[PDB]
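What follows is a single structure, written as structure tokens, with notes after it.
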Number of protein chains: 2
Amino acid sequence: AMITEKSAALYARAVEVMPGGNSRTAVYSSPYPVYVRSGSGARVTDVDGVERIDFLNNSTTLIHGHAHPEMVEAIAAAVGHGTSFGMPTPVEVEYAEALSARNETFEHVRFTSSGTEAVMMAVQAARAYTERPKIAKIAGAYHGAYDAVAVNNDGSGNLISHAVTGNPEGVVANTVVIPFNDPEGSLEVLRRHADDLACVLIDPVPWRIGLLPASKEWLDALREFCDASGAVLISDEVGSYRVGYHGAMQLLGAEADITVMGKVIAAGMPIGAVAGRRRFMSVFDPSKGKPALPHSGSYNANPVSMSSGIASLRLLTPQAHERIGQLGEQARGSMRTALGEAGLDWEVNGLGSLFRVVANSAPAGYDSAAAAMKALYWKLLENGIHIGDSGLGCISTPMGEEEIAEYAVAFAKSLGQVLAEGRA
Amino acid sequence: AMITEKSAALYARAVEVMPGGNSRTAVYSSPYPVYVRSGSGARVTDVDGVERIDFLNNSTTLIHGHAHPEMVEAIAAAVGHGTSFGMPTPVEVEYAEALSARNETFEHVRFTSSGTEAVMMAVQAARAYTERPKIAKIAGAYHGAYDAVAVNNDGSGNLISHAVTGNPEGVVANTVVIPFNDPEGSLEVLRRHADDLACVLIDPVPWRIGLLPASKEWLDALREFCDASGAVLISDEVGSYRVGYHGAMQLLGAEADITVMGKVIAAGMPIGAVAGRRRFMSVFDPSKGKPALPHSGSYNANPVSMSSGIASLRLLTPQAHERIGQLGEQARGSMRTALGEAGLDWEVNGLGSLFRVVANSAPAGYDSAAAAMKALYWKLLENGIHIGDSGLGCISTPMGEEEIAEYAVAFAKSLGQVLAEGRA
Ligand SMILES: Cc1ncc(COP(=O)(O)O)c(CN)c1O
Ligand SMILES: Cc1ncc(COP(=O)(O)O)c(CN)c1O
């Protein structure tokens, strides 16, 4: 049924000018991905003219969906006045005030052009503040391509160092890994390295290891360890911030020293942020002599990304946050009903407006649970829905109960087709 | 004479929500920087309502100046269709075709959200391709905040390792440094490390060590060393690309394996690119199983930055490139005349549309040549001109003979005022 000839023709062009026709690993699918030309509200139109409901929203960036009129007005007005300057602007100050106001711990903020850069600068800040070399991160959790965090970042629960091809021992030896939600297992590792630990980098709701939240007991163990050792507690909320109105740590009853943000804070334009207590952020301050940690960047605090940010935070009201959490609960419940009626043991995890289908047992005719989840991703595309090819999804503010009901009908139909094709 | 009350008031707000009221080290000035609200063509209007001619153009990013109508149209129209997607778009293919066409060695390209990220991914690509740990870079050259390149990066010619506070030995020991334009001094270092060198990272026209071009002899020595050792030759042209129509290495008679680009290639929207021969770029290819080097990023190849890129490259015609080169030659000549008439030993370096005033001997009443250059930066601001506080500047395509003549008058007046204040 599905016509993808214009996607295939773009892919044939792309392979001549990009490696494997790709510029972003996460958006590649075999034999080629679907190419898209426009979005409006909750819906994306592909290059073959097919409109689908988007349930992943640029990897959970687009909390307000596609081309929200209030976002478009603010961004286009900023573009007209100049895209970037070699001087600070009023909107950087306005946006830092707006972001600082979201959480007590966001005393001072610094803007980058991505979450990948913001994670990197939060780790550099902790190393400059402590003058210690090691970082600790969660086994399996993903934090972007920066080489200190591109270690054990693939969903595995093993603690043995495993890094990207070429990441030197010089980097990999200074990143230690802790088991998620295992307080005693975590403290064993952290106590072994306490004298040398600059930071403990967590994600309170890491999607790559199943989108389960950090427990109170595990957050308490790490917060007490950081207070005792002097290690900086960094919460990477680039993806998970959206689960709470004041971010993920606040929802779970905890406080970070530094929080990394991105994605929803600007809801589509390039952004990252490092926010935390004044003392940890003081490594960046250039006002009293050379800073401990220089941090430049051509697009830092550019007024287009600041204007996108002001508009996003204005639209992300407590009422919007509540209503998308209602829709997330409706979506997760409809998926669990559909998986149980189909006779699969797969789980659906998530908080607020985030979810992830976590494939467990591979059904007949699939080599792995991940292959069965890729097949479900393709069947959902045929049935008018975009989700992540390993089960991630989210709600956008343009959605109502009708979109989630349409998704539930597509989800049940798709499961049926995946299972029937595996048995053929 | 100069009124900065609205800038002071923004700074007073900024210090409460950013470290030292700053989000980008390079745009800070004591006691506070000038804040700006808008740009049009070659001119910037500050928050106190004062219009000046911009001769630095967001650190040489804005090759087409501020809010170029054709740039504004392309960007604002792209925004209306969707700022970013979790799927590739037609404009990524169109822009990769446009950029690949600029140099024979740009066979395969990948997009990032910054030059800092692009440098990082080019170093990771060479380490993945060779499976060797070390990189070599130029003593003094700046490549952004990534910790492997944030070593010997502040204008010094010393080869002794000097890194940011907290950069661990595990990083710093794998970055070796070579003296710019010294073939035998460079080959001594590179031969000592040849078995362990993944790459030689250069900038062919590094502004931080005085904006002098790489010699034919030095580029030939490095190209031959890389061919012999299997090290990847990386040219970081994030700033220097603009000196030639086919980039900096081509102008100077050389070929890189990988070229890093940014800034002018999108002329004001967040961008970076890694462009090189197919074999080096193959580490990123996801089309034949898992790639050696995963490379994602929420804003990679976003259609707003791609649309900015297509418009910028379309506007950067051979005719435009020649005209800004002529204006740069006229500007450099007018500065050298003014410095000679004022009795300073200062030099003016640069190629094409780039220049740098290189302060040598401190005149009476200044502790250092750099303090004297900072004073000239402030006097130029008073006389209606923005340049860099250490002498960097550039020409933009909106400029004509009238802007370059106005600059020459302001430059001579400002030098007189700097010298008179130092002697007073
Ligand atoms: C937890 C986390 N941290 C950082 C990043 C990287 O952010 P960006 O895509 O803005 O570079 C991501 C992206 N998946 C993320 O999930
Ligand atoms: C040579 C060079 N490389 C890379 C960068 C970083 O690029 P961006 O500002 O886009 O991160 C810079 C910026 N100063 C640079 O000058």
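All chains are named by letter (A, B, ...) in the order of the sequence lines, taking the proteins before the strands, and each is independently numbered beginning at 1.
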* Structure fact -> If you tally heavy-atom pairs under 4.5 Å between each of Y129(B), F106(B), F111(B) and chain A, the highest tally belongs to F111(B)
* Heavy-atom proximity to chain A below 4.5 Å, by part of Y142(B) -> side chain
* To do: Answer yes or no: is there a donor N or O on one side and an acceptor on the other, between the side chain of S100(B) and the main chain of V17(A), under 3.5 Å?
  => no
* Asked: Hey, does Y28(B) have a side-chain heavy atom less than 4.5 Å from the side chain of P291(A)?
  -> no
* **Contact check, side chains of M87(A) and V27(B), non-hydrogen atoms, under 4.5 Å** => no
* To do: Please look at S113(B) and chain A and tell me whether the side chain, the backbone, both or neither of the residue comes under 4.5 angstrom of a heavy atom of that chain.
  => both
* **Candidate pair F85(A) and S59(B), rule side chain to side chain contact (heavy atoms under 4.5 Å, CB included), full reasoning** => CA-CA 8 Å; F85(A) 297 92; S59(B) 291; over 6 Å; no
* To do: Let me know if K263(B) has heavy atoms under 4.5 Å from chain A in its side chain, its backbone, both or neither.
  => both
* **Among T45(B), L62(B), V47(B), residue most engaged with chain A (heavy-atom pairs, under 4.5 Å)** => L62(B)
* Out of curiosity, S84(A) OG to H66(B) NE2, how far, rounded to the nearest 0.5 Å? -> 8.5 Å
* Asked: In terms of heavy-atom proximity below 4.5 Å to chain A, should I271(B) be classed as side chain, backbone, both, or neither?
  -> both
* To do: Below 4.5 Å from any heavy atom of chain B, which atoms of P33(A) appear? Answer side chain, backbone, both or neither.
  => side chain
* Please lay out, stage by stage, how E16(B) and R278(A) fare under the test salt bridge (charged side-chain N to carboxylate O under 4.0 Å, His left out). => CA-CA 9 Å; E16(B) 301 300 329; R278(A) 299 173 95 122; 3.6 Å; yes
* Would you say the side chain of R37(B) lies within less than 4.5 Å of the side chain of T89(A), judging by non-hydrogen atoms? -> no
* Structure fact -> From the list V171(B), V44(B), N302(B), the residue making the most non-hydrogen contacts under 4.5 Å with chain A is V44(B)
* Supply the atom-to-atom distance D285(A) CG to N22(B) CG, rounded to the nearest 0.5 angstrom. => 8.0 Å
* Asked: Checking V36(B) against chain A: side chain, backbone, both or neither under 4.5 Å from a heavy atom?
  -> both
* Closest heavy-atom contact between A67(A) and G80(B)? -> CB-O, 3.5 Å
* Should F280(A) and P19(B) count as side-chain neighbours, where that means a heavy-atom distance under 4.5 Å? -> no
* Asked: Quick one: does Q124(B)'s side chain have a donor or acceptor within less than 3.5 Å of a partner on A145(A)'s backbone?
  -> yes
* Check the side chains of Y299(B) and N58(A) for a donor-acceptor pair under 3.5 angstrom, ignoring hydrogens and angles. => no
* Under a 4.5 Å heavy-atom cutoff, which of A128(B), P294(B), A76(B) has the most pairs with chain A? -> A128(B)
* Asked: When heavy-atom pairs shorter than 4.5 Å are enumerated against chain A, which of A126(B), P286(B), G170(B), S308(B) gives the highest number?
  -> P286(B)
* Any idea which of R110(A), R127(A), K6(A) has the most non-hydrogen atom pairs under 4.5 angstrom with chain B? -> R110(A)
* Asked: Highest number of heavy-atom pairs under 4.5 Å with chain B: which of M121(A), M281(A), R13(A), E131(A)?
  -> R13(A)
* Could you state the interatomic distance from CG (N300(A)) to OG1 (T116(B)), rounded to the nearest 0.5 Å? -> 8.0 Å
* To do: Go through the atoms of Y146(B) and report whether side chain, backbone, both or neither lie under 4.5 Å from a heavy atom of chain A.
  => both
* Structure fact -> Interface check, chain B: of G39(A), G82(A), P133(A), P270(A), most non-hydrogen pairs under 4.5 Å belong to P270(A)
* Straight-line distance of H68(A) NE2 to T83(B) OG1, nearest 0.5 Å -> 12.5 Å
* Structure fact -> Whatever's closer than 4.5 Å to a heavy atom in chain B on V109(A) counts as both
* Asked: With a 4.5 Å limit on heavy-atom distance, are the side chains of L293(B) and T165(A) in contact?
  -> no
* **Side chain / backbone / both / neither for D54(B) at chain A, heavy atoms under 4.5 Å** => side chain
* To the nearest 0.5 Å, tell me how far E97(B) CD sits from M18(A) CE. => 9.0 Å
* Could you tell me which portion of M71(B) (side chain, backbone, both or neither) has an atom closer than 4.5 angstrom to a non-hydrogen atom of chain A? => neither
* Structure fact -> Greatest number of non-hydrogen atom pairs under 4.5 angstrom with chain A, of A150(B), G297(B), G388(B), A14(B), falls to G297(B)
* Asked: Is there side-chain contact between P88(B) and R24(A), with at least one heavy-atom pair below 4.5 Å?
  -> no
* Measure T61(B) against the heavy atoms of chain A and call it side chain, backbone, both or neither at under 4.5 Å. => side chain
* So, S38(A) side chain and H81(B) main chain: donor-acceptor pair closer than 3.5 Å or not? -> no
* **Worked check of side chain to side chain contact (heavy atoms under 4.5 Å, CB included) between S23(B) and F284(A)** => CA-CA 8 Å; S23(B) 186; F284(A) 294 116; over 6 Å; no
* Structure fact -> Looking only at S287(A), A267(A), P31(A), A292(A), most heavy-atom pairs under 4.5 Å shared with chain B are made by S287(A)
* Donor + acceptor pair across side chains of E117(A), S114(B) (<3.5 Å) -> yes
* Close side-chain approach of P90(A) to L10(B), heavy-atom, < 4.5 Å -> yes
* Member of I75(B), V79(B), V304(B) meeting the side chain to side chain contact (heavy atoms under 4.5 Å, CB included) criterion with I75(A) -> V79(B)
* **Under 4.5 Å from any heavy atom of chain A - which part of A173(B)** => neither
* About how many Å separate CE of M120(A) and CG of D147(B), when rounded to the nearest 0.5 Å? -> 7.0 Å
* Check each atom of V15(B) against the heavy atoms of chain A and say whether the ones under 4.5 Å are side chain, backbone, both or neither. => backbone
